[PDB]
Amino acid sequence: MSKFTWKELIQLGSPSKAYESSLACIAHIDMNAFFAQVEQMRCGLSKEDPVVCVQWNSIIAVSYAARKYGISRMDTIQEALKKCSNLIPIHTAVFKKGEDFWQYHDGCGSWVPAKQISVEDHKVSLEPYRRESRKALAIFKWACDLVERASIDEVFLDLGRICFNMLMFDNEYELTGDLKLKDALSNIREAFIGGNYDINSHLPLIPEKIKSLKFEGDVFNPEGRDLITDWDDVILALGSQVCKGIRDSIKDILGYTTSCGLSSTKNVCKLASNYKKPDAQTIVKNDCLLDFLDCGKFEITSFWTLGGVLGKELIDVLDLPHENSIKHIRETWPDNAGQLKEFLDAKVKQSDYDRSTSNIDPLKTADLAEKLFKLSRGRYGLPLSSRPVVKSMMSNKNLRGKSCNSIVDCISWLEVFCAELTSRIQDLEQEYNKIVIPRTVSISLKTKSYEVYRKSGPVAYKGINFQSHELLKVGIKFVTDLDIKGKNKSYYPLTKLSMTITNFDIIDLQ
DNA sequence: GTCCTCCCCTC
DNA sequence: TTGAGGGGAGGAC
Ligand SMILES: Nc1ncnc2c1ncn2[C@H]1C[C@H](O)[C@@H](COP(=O)(O)OP(=O)(O)OP(=O)(O)O)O1
Ligand SMILES: [Mg+2]
Ligand SMILES: [Mg+2]
């Protein structure tokens, strides 16, 4: 019989539990060369124009046209110009200190007179990118009932309902000119409509006729395994068809190309979306999970949450090798996560451990073992969270020279931050029909000696027309407080100043 | 009980 | 890098 149960299939129809099914169909979609594509589209340029988006002197995004020249993100604009004479460098929008609005200064930059965009007198605006991100999000949410915005240019989609409904109910989809999906799937549809199945019983064996169903995109398959051999493959393939449709809506409506990863889990999807770019969809079958994870590109540190100090501690505590760490984890504790838990409990129970400088929770070693056991097999299923309209907003200026050399300069930059945040808040209120209320503000700064000073606390609310004022009041309070705390110590000129609204109330309207 | 400060993760 | 942003522990209040 199938490896899968009626329970696992039917749970694809539940947004709260679909992710947990071995039959899950998740997509990760990442915008290609995002900031460069935004600038390309704003300036009416083409896929063939070698655009790079520039922030001060750094390339922050490189179009795929420009990458054909050898240009890489974080190249300096100087280096980029050597590699491509026809380069189209476009600087981010900016705010000018003393003004309360952002705009593009096209024709201006550190390349190029009276046309330089100085780091002393401006701050970056990323708002054109954020706007375009929210447009994309609207398109994704219209196509799919569960979408997680993972970062400015990434989303995850849970395709469970679309796949389930297509599998059971779609009477138009054609596999071939002589074969409809409804007829290929007559046995399973009969059983489902007949309703006479046990939720804990295994599914029938896939019908031979469903093997005509095609995947849309690149199926990762170096070992040449059979494409459709169980119901997970049927769902994944249907999912790839729908995902292509969604990605085409993004391309047709907004102009943006995407790369996409399709698999049963978020973690594998995120790896897969980065496998092939631009404008591509990489599909990882369950039976190809180990082939993919072990291709040589990935280590335990490639997994989300494991890319920093915890990951490095795990390499040391689990005596992981420098390469093929994923396979190592899998083969060293091959049967169950408890084997790994036992190993962890031993290392951590030792009196010479150091529990105050470790990122492993000794009380939660069952969860860590299960996470590593499953990640190493490509079967660690995390839920998608639908995020609120906004959670936090930051306005940040890293400062050069003496552009912030006294409390007067601090406040001058705070006025830019306050104007920016207020305009961002108004835009969200109009776009999403909400009242958006800052509740808590944090000021963070760095001295000339790079020492960090922070202060957070409540901000009062008196409506949108007084919002900038209410933010500034608290900011001025906090910067003057911190000035006192820095007396007789290395302080001015500052090397960084930022204001973040760290907590919002969101009121629904209509 | 919640708040503030400090910290870790990611693009 | 800079300029974002997500999240949580634990002592302060
Ligand atoms: N370290 C960073 N600092 C500031 N901005 C960044 C940084 N990394 C990425 N970005 C911005 C610019 C990118 O266009 C956007 C999305 O990031 P990312 O997906 O990593 O690259 P990308 O979309 O430019 O290229 P790709 O086609 O490889 O996805 O976020
Ligand atoms: Mg991208
Ligand atoms: Mg990204």
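Just so it is clear: chains get the letters A, B, ... in the order the sequence lines come, proteins before strands, and each one is counted from 1.
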Picking from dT1(C), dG6(C), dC8(B), the nucleotide nearest the side-chain atoms of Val309(A) would be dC8(B)
Pairs involving residues 25-34 of chain A, ordered by first then second residue, that meet salt bridge (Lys or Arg N to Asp or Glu O under 4.0 Å) (sequence neighbours left out)
none
Within this structure, what is the CZ-to-P distance between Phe34(A) and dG5(C), rounded to whole angstrom?
13 Å
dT2(C) P sits how many Å from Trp56(A) CH2, rounded?
11 Å
Label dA4(C) north or south, basing it on the sign of the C1'-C2'-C3'-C4' dihedral.
north
To the nearest angstrom, how far is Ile501(A) atom CD1 from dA4(C) atom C1'?
14 Å
For atom CD of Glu79(A) and atom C1' of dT1(C), their distance in whole Å
13 Å
Walking DNA chain C from its 5' end, the first of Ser385(A) and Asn396(A) to be reached, judged by nearest nucleotide, is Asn396(A)
Identify whether any heavy atom of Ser456(A) sits under 4.0 Å from a base atom; if not, whether one sits that close to sugar-phosphate; answer base, sugar-phosphate or nothing.
base
What nucleotide among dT5(B), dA4(C), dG5(C) has an atom nearest to a side-chain atom of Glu420(A)?
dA4(C)
Please check: side-chain N/O of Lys83(A) versus main-chain N/O of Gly70(A), any donor-acceptor pairing under 3.5 Å?
yes
Distance check needed: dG6(C) P versus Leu384(A) CG, whole Å only.
16 Å
Rounded to whole angstrom units, what separation is found between the NE2 atom of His122(A) and the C1' atom of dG3(C)?
17 Å
Using only side-chain N and O atoms of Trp304(A), determine if any of them is under 4.0 Å from OP1 or OP2 of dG6(C).
no
When all nucleic acid strands are considered with a 4.0 Å heavy-atom cut-off, which category describes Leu310(A): base, sugar-phosphate, or nothing?
sugar-phosphate
Within the distance-only criterion (no hydrogens, no angle test), does the side chain of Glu79(A) pair as donor or acceptor with the backbone N or O of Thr76(A) below 3.5 angstrom?
yes
If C1'-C2'-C3'-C4' is positive it's north, if negative it's south, so which is the sugar of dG10(C)?
south
Pairs flagged by salt bridge (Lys or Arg N to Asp or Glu O under 4.0 Å) wherever residues 129-143 of chain A is involved - sequence neighbours left out:
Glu127(A)-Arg130(A), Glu127(A)-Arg134(A), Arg131(A)-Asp427(A), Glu132(A)-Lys135(A), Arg134(A)-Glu431(A)
So, with a heavy-atom separation below 4.0 Å from DNA chain C, the residues of residues 124-140 of chain A are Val124(A), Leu126(A), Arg130(A)
For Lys123(A) and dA4(C), is the shortest distance between a side-chain N/O and OP1 or OP2 below 4.0 Å?
yes
The criterion is ring-ring contact (aromatic ring centres under 6.0 Å, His included); which residues satisfy it with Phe504(A), sequence neighbours excluded?
none
Rounded to whole angstroms, how far apart are CD on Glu154(A) and P on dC9(B)?
17 Å
Could you state the NZ-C1' distance from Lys446(A) to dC7(B), rounded to the nearest angstrom?
14 Å
The side-chain hydrogen bond (donor to acceptor under 3.5 Å, both in side chains) partners of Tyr129(A) (sequence neighbours excluded) come to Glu39(A)
What side-chain donor-acceptor pairs closer than 3.5 Å can you find for residues 295-305 of chain A, not counting sequence neighbours?
from	atom 1	to	atom 2	distance (Å)
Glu299(A)	OE1	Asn324(A)	N	3.2
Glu299(A)	OE1	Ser325(A)	N	3.0
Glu299(A)	OE1	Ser325(A)	OG	2.6
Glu299(A)	OE2	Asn324(A)	N	3.0
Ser302(A)	OG	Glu299(A)	N	2.9
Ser302(A)	OG	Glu299(A)	O	3.1
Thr305(A)	OG1	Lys371(A)	NZ	2.8

By nearest atom, which of the nucleotides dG5(C), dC8(B), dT1(C) is closest to the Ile60(A) side chain?
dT1(C)
